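Examination of the molecular architecture
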Amino acid sequence: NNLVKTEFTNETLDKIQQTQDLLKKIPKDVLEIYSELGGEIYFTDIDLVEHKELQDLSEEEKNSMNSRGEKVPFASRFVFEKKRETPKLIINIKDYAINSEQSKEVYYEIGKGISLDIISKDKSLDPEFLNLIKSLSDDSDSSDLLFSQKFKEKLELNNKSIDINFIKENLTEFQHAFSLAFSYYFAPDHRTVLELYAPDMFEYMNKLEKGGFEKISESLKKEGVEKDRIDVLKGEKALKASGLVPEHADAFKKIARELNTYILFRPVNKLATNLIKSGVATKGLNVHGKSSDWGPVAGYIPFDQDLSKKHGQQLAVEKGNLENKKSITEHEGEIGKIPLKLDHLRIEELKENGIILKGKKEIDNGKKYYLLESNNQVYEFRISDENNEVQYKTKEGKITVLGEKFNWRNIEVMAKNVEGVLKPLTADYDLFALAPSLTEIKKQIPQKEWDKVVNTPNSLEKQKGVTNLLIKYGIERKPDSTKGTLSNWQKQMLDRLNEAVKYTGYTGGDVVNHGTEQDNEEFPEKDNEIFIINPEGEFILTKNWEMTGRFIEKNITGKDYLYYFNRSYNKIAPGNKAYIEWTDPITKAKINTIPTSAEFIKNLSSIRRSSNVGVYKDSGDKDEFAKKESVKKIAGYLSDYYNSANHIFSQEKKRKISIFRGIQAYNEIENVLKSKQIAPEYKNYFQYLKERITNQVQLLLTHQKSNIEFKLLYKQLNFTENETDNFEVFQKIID
Amino acid sequence: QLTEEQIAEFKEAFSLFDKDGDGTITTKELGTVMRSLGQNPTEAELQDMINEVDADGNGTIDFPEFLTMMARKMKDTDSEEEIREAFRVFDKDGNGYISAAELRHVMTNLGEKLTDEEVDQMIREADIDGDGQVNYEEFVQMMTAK
Ligand SMILES: Nc1ncnc2c1ncn2[C@@H]1O[C@@H]2COP(=O)(O)O[C@H]2[C@H]1O
Ligand SMILES: [Ca+2]
Ligand SMILES: [Ca+2]
Ligand SMILES: [Ca+2]
Ligand SMILES: [Mg+2]
């Protein structure tokens, strides 16, 4: 952010060496205080009047309190400040000299000072006692009742105790001061005047030069970032929508540090937030039931699907139960169903949250039953008293979407196997991704392998070797018998999380059961809010899919942390057939990149399966052949662009040699586009393959000599019967 | 288990270089069919594949002969991806290109002290079109190019 602008490089050093002789006197930092306020100083040649390209009608002269004293004759002026948003100081210089009666440059000083007062310390932080009491040195501290040079028409009021009683009313008059105190301190001539006459303001300024200007220059700098940043509610406000069990979140807070890796989680249902702390197990991969958001079962995975979110979809349930059944049908012993038993706290909870209403009692067979009411219109519920079991039944005037009707039964929830005990199941913590410090991965490669790699000669191969290491130990993802598809360190991380939330007091085992959602290629889900946990211990919950993608670019991606985004982002995911967008830089640069032989063949191979007609047909027409022969020609040219022996050449040639290879392609393309009846499907693609080449070829130009345009450069070539000297022609086209 | 779509290509390409329009490609042709598709079998590694099934003029290979031979080294390989992720990693700033600045940068965090002289060096040998930087294409080339 360059501060000073010099309009007319018209005079010689006389003008230049005068604007310098000017700024070299103002304290560097007082400038950094300016640039921070987004200011910019304008020095011009002979623009006095409203002639500067920024001296027209915005926030001009409202109320007349102008120079040191008061004059308001704008016209004659040479120094001005656009007061309202981003300060703009404008200065013009004429002939040789400011140094005779420096009483002129002083205004480029105070005229300036009006930049930092009202924003300086006088009031940004507020008038703080510092200047609030220092202004009070009107006449009470030191035996120097000399303030004649800053307090006249607005403070000749020697009869008033100027504390907080009356200094607010006129913030402005106490600026005309700090300003004249500044102009007086830095004025090239009168320096002691503020030492002889004002005894403190002097010290005041001096302290400021001593390090005060840097004070605020660093308090505006810090609020430079904290100001404009990514709105994520940090602190515990996140942990609120986080759903994670506080003691756990806090528990995790410690792992992110030691290991140094962001932990990113997806929204964990709140109606589970406690079922966990409580001690309930977590849904792993083996279960695909739906949870519930109502009734007593809510927070649990009913075995009875019709007692979950999909209450009515006579198929989400008819193909929903069909799910739990198999969940056991297969993994029996580990996955089963057990009767519901809402404990004490839980009840009181689903209460003020409004899911159930505990009321009137009843009696059957001799046992007590408190009645549990839920404004549903098909199931009536009741908990027990001995063992707090729970029960439901179809009402005497309703049926089940599948066509069932029954009397009181025990509500069954799903339950995995925990240390030989079928504990019930509630939501698990699903990790959105794990970002480990790019260095933490090095602390993953066995000291000899990473060694045997760097102790290599080939500068090029010493990279490939590294990258593969980074890949083998960091990016690679193998599948898994139990924990989904995840990295290796990802598993190790996945352990430390579980063992961490265990020395805390959890009794349901693990609370993170599988790899990171950025591998859920099959049925990927787009969560808006995402709780994160930087390698320090701060809980940050984003709010957008963008913000989220934005917070990763800023703090993870571009901050030395290894992150990798879902393979199925930008494509349609097979399972749920979904398209989730995510800024891929490679794609960014595709627009200006000449395609590859194979990238090309591929695209043809595609449109074939689309319009059931390929670029060239298997026929007798000799034009079809022509076309064929032709694409086999571009297939080359492209493949020729990307030649590995382009290395024994000089950066220079590489561009030339390739711009041609490029162009050659743009030709045989230009040839077919003007062919026989190649369908439009292909007419289009080619239409597109051109813009690429073109751009790629344009780019290779603006790297070296850029007055030349593709369109033209092309014209000047001759691709008819002899290519020989054409290349020779090309060379001379760039000189 | 090549996906159907994985056939479209292995043919749309196989055929393009089948000059004599039949359904069998000569050795040199197979060599070309592949390179075009993004590989390159060595001068001698190129035979072992065409050699194993001599039910032709003792030198050619048809459509199936081909498709069925794109397993020997294609029913395992899934590296393609990793490398595209390794790229996004060094391409620190997200311009789609890998500048000598970032190479050296990510090179050191990963623990390698590289000389300013031998980075402006890799970036060079990796660059094919001469624009001072390595895009995904040249990267992939450099990486897999054995
Ligand atoms: N290795 C994995 N990492 C992340 N998500 C996975 C993994 N394997 C499977 N998933 C899916 O992530 C899905 C998100 O919620 P579900 O528990 O309903 O079902 C989960 C699985 O289908
Ligand atoms: Ca043939
Ligand atoms: Ca880059
Ligand atoms: Ca390049
Ligand atoms: Mg899960």
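1. Regarding the overall build of chain B
Along the backbone of chain B there are 8 helices and 4 strands. Relative to the 2.2 N^0.38 estimate, which gives 15 Å for 146 residues, the radius of gyration of chain B is 19 Å and therefore markedly larger than a compact globule would have. Looking at chain B alone, contacts between residues at least 24 apart form 45% of all its contacts between residues at least 6 apart.

2. Things to note about the overall build of chain A
The number of helices and strands found in chain A is 24 helices and 19 strands. For a compact globule of 735 residues, the expected C-alpha radius of gyration is about 27 Å, and chain A comes in at 38 Å, more than 25% above that figure. Projected onto the principal axes, the alpha-carbon positions of chain A cover approximately 105 × 95 × 60 Å. Sequence-distant contacts, at least 24 apart, represent 65% of the contacts inside chain A between residues at least 6 apart.

3. A short note on the pairing of strand β5 (residues 261-265) of chain A
Residue and element names in this part refer to chain A. The buried fraction of β5 amounts to 5 of the 5 residues, a majority that puts the element mostly inside the structure. Residues of β5 alternate between two faces, with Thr261, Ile263 and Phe265 on one and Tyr262 and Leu264 on the opposite face, all of them buried. Here β5 runs beside strand β15 (residues 431-436); their pairing, made up of 5 bridges, is antiparallel. Bridging from a neighbouring strand, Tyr262 pairs with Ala435 of β15. Pairing between β5 and strand β16 (residues 531-533): 3 bridges, direction antiparallel. Note on β16: the bridge partner recorded for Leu264 is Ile532.

4. Topic: the pattern of salt bridges
Applying the stated rule across the entire model yields 44 salt bridges over all chains. Between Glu599(A) and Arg692(A) there is a salt bridge, with its nearest N and O atoms 2.6 Å apart. Residue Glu599(A) is found in helix α19 (residues 597-610), and its partner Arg692(A) is found in helix α22 (residues 680-699); the two are separated by 93 residues along the sequence. For the residue pair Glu599(A) and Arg692(A), the accessibility class agrees, reading buried in each case. In this structure, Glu9(B) engages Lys602(A) in a salt bridge whose closest nitrogen and oxygen atoms are separated by 3.8 Å. Placement of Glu9(B) in helix α1 (residues 5-12) and of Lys602(A) in helix α19 is noted, with the two residues assigned to different chains. Judged by its relative accessible area of 13%, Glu9(B) is buried. Judged by its relative accessible area of 30%, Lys602(A) falls in the partly exposed class. Ionic contacts of the salt-bridge type, sharing partners, join the residues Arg477(A), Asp519(A), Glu521(A), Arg567(A), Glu82(B) and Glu85(B) into one network.

5. Description of the site of ligand 1
Residues and elements named next belong to chain A. Near ligand 1, the surroundings consist of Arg266, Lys283, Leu285, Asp430, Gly484, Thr485, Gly515, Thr516, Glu517 and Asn520. In the environment of ligand 1, a nitrogen atom lies 3.5 Å from a nitrogen or oxygen atom belonging to the backbone of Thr516. Protein contact buries 79% of the 460 Å² of open area that ligand 1 shows by itself. Taken together, the residues of the shell around ligand 1 break down into 1 nonpolar, 5 polar and 4 charged.

6. Side note on the coordination of the calcium ion (ligand 2)
Residue and element names in this part refer to chain B. Protein coordination at the calcium ion (ligand 2): the donors are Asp18 (OD), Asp20 (OD), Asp20 (OD), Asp22 (OD), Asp22 (OD) and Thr24 (O), at 2.2 to 3.2 Å from the metal. One way to put it: the 6 donor atoms around the calcium ion (ligand 2) meet at angles of 44 to 148°, and that makes the site irregular. For the calcium ion (ligand 2), the single-chain donor residues occur in sequence as D-x1-D-x1-D-x1-T. By relative accessible area, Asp18 is classed as buried at 4%.

7. As for the side chain of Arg692(A)
Residue and element names in this part refer to chain A. Using a relative accessible area of 1% as the deciding quantity, one classes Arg692 as buried. Of note is the side chain of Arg692, whose polar atom sits 2.6 Å from the side chain of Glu599. Not counting the four nearest positions on each side in its chain, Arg692 is found in contact with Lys590, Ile591, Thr593, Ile594, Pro595 and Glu599.

8. Here's the deal with the sheet that holds strand β14 (residues 422-426) of chain A
Strand order in the open sheet formed by 4 strands is β6-β14-β13-β7 (chain A), and the pairing between neighbours is mixed. A strand with exactly one partner marks an edge of an open sheet, and here the two such strands are β6 (281-282) and β7 (336-339) of chain A.

9. Describing the UniProt feature "active site" in chain A
Residues and elements named next belong to chain A. In the numbering adopted here, UniProt assigns the feature "active site" to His288. Tracing the sequence through the fold places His288 in the loop between β6 and α11 (321-330). For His288, a relative accessible area of 44% corresponds to the partly exposed category. Look past the residues within four positions of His288 in its chain and what remains in contact with it is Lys283, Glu323 and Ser327. Here the side chain of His288 touches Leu285 through a polar contact of 2.9 Å, landing on its backbone oxygen.

10. A short note on the domain arrangement of chain A
Size of an interface, as often reported, equals the accessible area lost when the parts are brought together. Taken domain by domain, chain A holds domain 1 (1-228), domain 2 (229-268 + 428-581), domain 3 (269-427) and domain 4 (582-735). When each unit is reduced to the centre of its C-alpha atoms, the spacing between domain 3 of chain A and domain 4 of chain A is 64 Å.

11. Some remarks on the coordination of the magnesium ion (ligand 5)
All names here are of chain A. For the magnesium ion (ligand 5), every protein donor is listed as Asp428 (OD), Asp428 (OD), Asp430 (OD) and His514 (NE2), and the spread of their distances is 2.1 to 2.7 Å. Considered as a linear motif, the donors of the magnesium ion (ligand 5) on their single chain read D-x1-D-x83-H. Note that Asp428 is positioned in the loop between β14 and β15 and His514 in the loop between α16 (488-500) and β16, a separation of 86 residues in sequence. Taken as a pair, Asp428 and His514 share a single burial class, namely buried.

12. What to know about the packing of α19(A) against α22(A)
The relative placement of two packed helices comes down to the angle between their axes together with the axis-to-axis distance. Residues and elements named next belong to chain A. For the pair α19 and α22, interaxial distance at closest approach is 10 Å and the crossing angle is 155°. Compared by their axis directions, α19 and α22 come out roughly antiparallel. In this structure, the crossing between α19 and α22 has a hand that is right-handed. On α22, the residues that touch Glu599, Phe600, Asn603, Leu604, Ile607 and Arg608 of α19 are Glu681, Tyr682, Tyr685, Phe686, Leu689 and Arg692.

13. Quick notes on the domain arrangement of chain B
Taken as a whole, chain B is organised into domain 1 (16-76) and domain 2 (77-146). Averaged C-alpha coordinates put domain 1 of chain B and domain 2 of chain B at centres separated by 32 Å.

14. Structural notes on the nonpolar core
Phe600(A), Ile663(A), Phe686(A), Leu30(B) and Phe66(B) are the most contacted members of the largest nonpolar core, which totals 50 residues. Counting only elements with at least two residues in this core, the list comes to α19, α20 (622-641), α21 (651-673), α22 and α23 (710-715) of chain A together with α2 (27-37) and α3 (45-51) of chain B. Once you skip the residues sitting within four places of it in the chain, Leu30(B) turns out to touch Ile25(B), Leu46(B), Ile61(B), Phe66(B) and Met69(B). Counting 45 residues, the second-largest nonpolar core is a separate cluster that includes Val30(A), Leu31(A), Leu136(A) and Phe186(A).

15. Side note on the UniProt feature "domain: EF-hand" in chain B
Residues and elements named next belong to chain B. As annotated by UniProt and renumbered to match this structure, "domain: EF-hand" occupies residues 5-40, 41-76, 78-113 and 114-146. With 31% helix and 6% strand, the stretch residues 41-76 has end C-alpha atoms that lie 17 Å from each other. Helix makes up 61% of residues 78-113 and strand makes up 6%, while its end C-alpha atoms are separated by 31 Å.

16. Things to note about the sheet that holds strand β3 (residues 79-82) of chain A
Residues and elements named next belong to chain A. Read across the sheet, 4 strands follow the order β1-β2-β4-β3 without closing on themselves; strand pairing throughout is mixed. Single-partner strands in this sheet number two, and they are β1 (4-6) and β3. Ignoring strand direction, the axes of neighbouring strands in this sheet form an average angle of 20°. Here strand β2 (residues 40-44) pairs with strand β4 (residues 88-92) via 5 bridges, running parallel. Note on β4: the bridge partner recorded for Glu40 is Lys88. With respect to the sheet, helix α1 (residues 13-23) is in contact with β1 and β2, its orientation differing from that of β2 by roughly 150°.

Reading the values: rules and limits
Residues numbered from 1 in each chain as written, not as in the entry; some residues may be left out. Chains lettered and ligands numbered in written order. Heavy atoms only, no water. Residues with missing side-chain atoms left out of burial classes, pairs and counts. Helix = DSSP H or I, 4+ residues; strand = E, 2+ residues; numbered from the N terminus. Rg over C-alpha atoms; globule rule 2.2 N^0.38 Å. Contact = heavy atoms within 4.5 Å. Buried < 20%, exposed > 50% of the residue type's maximum accessible area, 1.4 Å probe, protein only. Pairing = 2+ DSSP bridges. Salt bridge = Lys/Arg side-chain N within 4 Å of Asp/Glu carboxyl O. Near = heavy atom within 4 Å. Polar contact = N/O pair within 3.5 Å; in protein donor to acceptor, adjacent residues only side chain to side chain. Areas by Shrake-Rupley, 256 points an atom, 1.4 Å probe, with all protein chains shown as cover. Nonpolar A, V, L, I, M, F, W, Y, C, P; charged D, E, K, R; others polar. Donors = N, O, S within 2.8 Å, 3.2 Å for Na, K, Ca; no water. Tetrahedral: all angles 85-135°; square planar, octahedral: opposite > 155°, others 65-115°. UniProt positions renumbered as here; feature names shortened; annotations may be inferred. Domains from an automatic or database assignment. Axes fitted to C-alpha atoms, helices over the stretch in contact; angles between N-to-C directions. Parallel < 35°, antiparallel > 145°, perpendicular 65-115°, else oblique. Left-handed = near helix turned anticlockwise from the far one by under 90°. Core = buried A, V, L, I, M, F, W, Y, C linked by side-chain atoms within 4.5 Å.

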